[PDB]
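Below: the structure, in structure tokens.
Protein chains: 2
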Amino acid sequence: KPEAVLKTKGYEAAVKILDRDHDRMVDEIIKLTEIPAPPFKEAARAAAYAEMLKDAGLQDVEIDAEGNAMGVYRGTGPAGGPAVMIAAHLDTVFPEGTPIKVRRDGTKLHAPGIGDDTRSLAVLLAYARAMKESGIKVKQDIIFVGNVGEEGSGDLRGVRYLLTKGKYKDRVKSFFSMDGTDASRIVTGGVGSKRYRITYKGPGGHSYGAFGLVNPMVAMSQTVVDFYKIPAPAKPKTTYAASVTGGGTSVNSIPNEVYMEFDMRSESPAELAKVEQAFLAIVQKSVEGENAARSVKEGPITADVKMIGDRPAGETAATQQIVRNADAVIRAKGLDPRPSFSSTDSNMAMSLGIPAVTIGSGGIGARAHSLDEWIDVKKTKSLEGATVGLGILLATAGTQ
Amino acid sequence: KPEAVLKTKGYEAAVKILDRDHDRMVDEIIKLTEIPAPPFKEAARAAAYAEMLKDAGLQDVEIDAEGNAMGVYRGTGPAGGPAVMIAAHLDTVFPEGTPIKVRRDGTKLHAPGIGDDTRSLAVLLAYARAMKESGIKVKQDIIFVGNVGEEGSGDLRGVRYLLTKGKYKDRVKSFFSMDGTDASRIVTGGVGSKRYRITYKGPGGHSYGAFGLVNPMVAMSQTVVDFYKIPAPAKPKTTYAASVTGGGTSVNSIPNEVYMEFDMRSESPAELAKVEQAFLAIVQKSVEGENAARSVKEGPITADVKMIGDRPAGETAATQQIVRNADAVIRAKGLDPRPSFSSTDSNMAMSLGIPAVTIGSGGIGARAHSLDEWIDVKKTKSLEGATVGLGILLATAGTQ
Ligand SMILES: [Zn+2]
Ligand SMILES: [Zn+2]
Ligand SMILES: [Zn+2]
Ligand SMILES: [Zn+2]
Ligand SMILES: [Zn+2]
Ligand SMILES: [Zn+2]
Ligand SMILES: [Zn+2]
Ligand SMILES: [Zn+2]
Ligand SMILES: [Zn+2]
Ligand SMILES: [Zn+2]
Ligand SMILES: [Zn+2]
Ligand SMILES: [Zn+2]
Ligand SMILES: [Zn+2]
Ligand SMILES: [Zn+2]
Ligand SMILES: [Zn+2]
Ligand SMILES: [Zn+2]
Ligand SMILES: [Zn+2]
Ligand SMILES: [Zn+2]
Ligand SMILES: [Zn+2]
Ligand SMILES: [Zn+2]
Ligand SMILES: [Zn+2]
Ligand SMILES: [Zn+2]
Ligand SMILES: [Zn+2]
Ligand SMILES: [Zn+2]
Ligand SMILES: [Zn+2]
Ligand SMILES: [Zn+2]
Ligand SMILES: [Zn+2]
Ligand SMILES: [Zn+2]
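Given below as structure tokens:
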């Protein structure tokens, strides 16, 4: 049984070290938070995190070609065998120039990205330190990762490299992402994203003299009209939107270039592919329809299909052992397990058939993805919450 | 017969002064061209033109409340009786900051706005001077006008004030506009313009979480689609266009404000009114359709109808004496009169039932409304062309 790892002497010893060095964990949250990591600019924080991973006594600490920082907690099994990966992303949503200095408010700490996801970075370091000092022996290797590109336009570039090209691509059989502070969350589902900018081009000309020629504005408008007739099931939740538009010079001219940006989301990879294929077909039919309705004698309407966002959809079945481990540990810790869909790093592992769950770092936090982000490092709740992820991790890797 | 004015000694004497002082006319083209008059910024050129109007010996030289500069060549009839107005607009299409210095190329002069319409301003000054010095007596008063707001967003604000609010609005029974250099043109028809920016507003929200709410992008798109199914007769030529669009923040959000700009033009005021009314109904129907298809629980879609352009349509019958005068004189000068529709200052007078024709200043010019604009002030062709407008003007006012 998974929750039995909570009654092992190794875990209880490791929790005492988390208790003893909780003051160190908070210092490392502040140190890493004040190293800003905007999207595609995580190199500075990755270097600092890499130093802290080897400071925790991990093996083979390195930074891969993508920018992820890794460390190995070697298990008792054969080298190169099945392993557990647990990651917390280095990047934040805040762009370069955002002033990040931690502000203390009694037991609260205010700083952009302090809970998403910098706290999880330090909680993983505390896991590695406490496990090694207490002499915990795991059956499978554990790869502690500070990955890049989880937020915004990063589009999971970090976990994609780890799981399709990196050293551990063939060894990760259980993937964890520690994202957020809610230690009762169990993200078992991944909401996918497909986003395009369609640029419609045409010959142009005078609105009066060249009237009758094809107008790319109409083909774009016709796209939106058919777009919002695509069936979207309530469950699995499937959504879409026409969100950004632009183009044209003046009312004196027929436009020669206009653009519309589209959003498509779904909990189901099958439903997301249905919408994407219908959207791409609607784009083609809308261009053909405009070239039939008006004159192409000066050149036809053309459409440039550019993908501007891609995140896979997926799910870990509730019967998978990794979910049963997370459910059992969270129950035994007195919390209510919250299985949910979301858009996290685990989306990548789910799309590859790898059992994956996204978990929380513990304690209290709020106002993520905003400048008012803050966490509560009150020891009783911050420590007890941080002990949850360790139990899930040790139950999954297996202890001896 | 109208062309008989060309054989009167007053006209023949006045033409010799135009010949003698053609070197002065060219200097005034250059001087006035280098005084930039962007739309709504004609005050500097209007002040200089007013000074040149009194230099020609005209009466009651003043600048009205709209900014037009006018002067009166008093006729032999009773004061306050029917009068002839001849105007050349001060403004050009080139915005403030456009470097305007005349560049000589033999007999060519290169400068933005030099032929449209600065040359016509100087040609009118030369008419008044040559008429006064040769002692020509006209039966009707002639109001020489340097009017404002003929190009772009001016929307005929100058002639609109002159003929609906100014001192002479009830005395002008024949209107001329000298616009362009083609002395064989006879603009007897006015193409009307109706232009709107429709701003669609909505509640907005997250594209995923708030999916199902109304989207103003869809109402706008549906408007454009039905817009291009409006019947547009080939003759009288009626056109429309969806030309400018914008709005939206990111693919993560349902837009809360988008806009589309529409163009509608016709040679017929009735056909233009049909399209405008059908357009306004399509806008409303599209808002009602979008508020029925999706949820208004956060607020409905609304549409702000803002007119951004208005120019009336009209026509001067070819049987009108003002057209017979222009046709006969242009023939007698060895040219083929080319009657045409266009969008000039005469649109206003046609709209008010005033006989109106737009004529040219003579000579050679090209590349109007562009930075490569130039004219050829080669005396033989520039003088003979400038004599055409004088003949039309004197035949219409009547000489004694
Ligand atoms: Zn015990
Ligand atoms: Zn301590
Ligand atoms: Zn300290
Ligand atoms: Zn260190
Ligand atoms: Zn890359
Ligand atoms: Zn930089
Ligand atoms: Zn985040
Ligand atoms: Zn995060
Ligand atoms: Zn044209
Ligand atoms: Zn505009
Ligand atoms: Zn062509
Ligand atoms: Zn994305
Ligand atoms: Zn559960
Ligand atoms: Zn429950
Ligand atoms: Zn409970
Ligand atoms: Zn000189
Ligand atoms: Zn002067
Ligand atoms: Zn005004
Ligand atoms: Zn200024
Ligand atoms: Zn003009
Ligand atoms: Zn013009
Ligand atoms: Zn939301
Ligand atoms: Zn026609
Ligand atoms: Zn965008
Ligand atoms: Zn509300
Ligand atoms: Zn206009
Ligand atoms: Zn107007
Ligand atoms: Zn007609």
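One line per chain: the protein sequences are A and B, in this order.
Just so you know, the first sequence maps onto residues 6 to 405 in the authors' numbering.
Just so you know, the second sequence maps onto residues 6 to 405 in the authors' numbering.
Where is the CB? At the ideal position from N, CA and C, for every residue including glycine.
C-beta neighbour in chain A for residue i, strict 8 Å
| i | result |
| --- | --- |
| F99 (chain B) | no |
| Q405 (chain B) | no |
| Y233 (chain B) | yes |
| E281 (chain B) | no |
| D160 (chain B) | no |
| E266 (chain B) | yes |
| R134 (chain B) | no |
| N152 (chain B) | no |
| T244 (chain B) | yes |
| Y54 (chain B) | no |
| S273 (chain B) | no |
Closest residue to residue i among the options (Cα-Cα distance)
| i | options | result |
| --- | --- | --- |
| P274 (chain B) | B:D32, B:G358, B:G253 | B:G358 |
| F181 (chain A) | A:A298, A:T404, A:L399 | A:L399 |
| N73 (chain B) | B:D60, B:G86, B:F45, B:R79 | B:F45 |
| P241 (chain B) | B:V143, B:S345, B:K234 | B:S345 |
| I364 (chain A) | A:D184, A:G76, A:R25, A:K144 | A:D184 |
| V256 (chain A) | A:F216, A:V98, A:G171, A:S189 | A:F216 |
| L168 (chain A) | A:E71, A:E47, A:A224 | A:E71 |
| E320 (chain A) | A:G76, A:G171, A:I191 | A:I191 |
| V223 (chain B) | B:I40, B:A322, B:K290, B:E33 | B:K290 |
| residue 2 (chain B) | B:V66, B:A93, B:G82 | Because chain B here runs from 6 to 405, residue 2 (chain B) falls outside it and cannot be looked at. |
| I313 (chain A) | A:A116, A:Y201, A:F267 | A:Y201 |
Pair within 8 Å by beta-carbon distance, residue i and residue j
| i | j | result |
| --- | --- | --- |
| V150 (chain A) | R162 (chain A) | no |
| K386 (chain B) | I369 (chain B) | yes |
| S212 (chain B) | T244 (chain A) | yes |
| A88 (chain A) | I68 (chain A) | no |
| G194 (chain B) | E281 (chain B) | no |
| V288 (chain B) | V334 (chain B) | no |
| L63 (chain B) | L126 (chain B) | no |
| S248 (chain A) | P305 (chain B) | no |
| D175 (chain A) | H374 (chain A) | no |
| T103 (chain A) | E156 (chain A) | no |
| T123 (chain B) | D381 (chain B) | no |
| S189 (chain A) | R343 (chain A) | yes |
| residue 4 (chain B) | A331 (chain B) | No statement about residue 4 (chain B) is possible, as the shown extent of chain B runs from 6 to 405 and does not include it. |
CA-to-CA distance, residue j to residue i, given in whole angstroms
| i | j | result |
| --- | --- | --- |
| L395 (chain A) | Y132 (chain A) | 7 Å |
| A9 (chain B) | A84 (chain B) | 26 Å |
| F284 (chain A) | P221 (chain B) | 19 Å |
| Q325 (chain A) | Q145 (chain A) | 17 Å |
| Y205 (chain B) | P317 (chain A) | 33 Å |
| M269 (chain B) | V164 (chain A) | 54 Å |
| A42 (chain B) | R108 (chain B) | 18 Å |
| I141 (chain B) | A308 (chain B) | 59 Å |
8 Å Cβ cutoff, residue i in contact with chain B
| i | result |
| --- | --- |
| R200 (chain A) | yes |
| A400 (chain A) | no |
| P260 (chain A) | yes |
| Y205 (chain A) | no |
| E155 (chain A) | no |
| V292 (chain A) | no |
| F284 (chain A) | no |
| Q325 (chain A) | no |
| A247 (chain A) | yes |
| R270 (chain A) | yes |
* Among all residues, which have a Cβ less than 7 Å from at least one non-hydrogen atom of ligand 13, and in what chain order do they fall? -> This selection yields A:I191, A:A323, A:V328, A:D332, A:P342, A:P344.
* Asked: Which residues have a Cβ closer than 7 Å to any heavy atom of ligand 18, listed in chain order?
  -> My final list is B:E71, B:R162, B:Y166.
* To do: With a cut-off of 7 Å, give the chain-ordered residues whose Cβ is closer than this to any heavy atom of ligand 21.
  => Counting only residues whose CB is nearer than 7 Å to a non-hydrogen atom of ligand 21, the list in chain order is B:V98, B:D121, B:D122, B:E155, B:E156, B:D184, B:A373, B:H374.
* For ligand 27, residues whose Cβ lies under 5 Å from any non-hydrogen atom -> Ordered along the chain, the selected set is B:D160, B:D315.
* Whose CB is closer than 7 Å to a heavy atom of ligand 23? List the residues in chain order. -> In chain order, the residues positioned with their C-beta nearer than 7 Å to some heavy atom of ligand 23 are B:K240, B:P241, B:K242, B:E272, B:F346.
* **Residue list, Cβ distance to ligand 10 heavy atoms smaller than 6 Å** => With the cut-off at 6 Å, the residues found are A:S255, B:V249, B:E266.
* Asked: Who sits around ligand 2, taking every residue whose Cβ is closer than 7 Å to one of its heavy atoms?
  -> After applying the 7 Å Cβ criterion, the set is A:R25, A:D26, A:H27, A:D28, A:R29.
* What does the shell around ligand 1 hold, if a residue joins when its beta-carbon is under 7 Å from any heavy atom? -> Qualifying residues, in the order they occur: A:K12, A:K14, A:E17.
* Pick out every residue whose C-beta is nearer than 6 Å to a heavy atom of ligand 17: which are they, in chain order? -> A distance filter of 6 Å between CB atoms and the heavy atoms of ligand 17 selects the following residues in sequence order: B:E56, B:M57, B:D60.
* Asked: So which residues touch the region around ligand 22, with touch meaning a C-beta under 5 Å from any heavy atom?
  -> Cβ atoms closer than 5 Å to ligand 22 belong to B:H211, B:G214.
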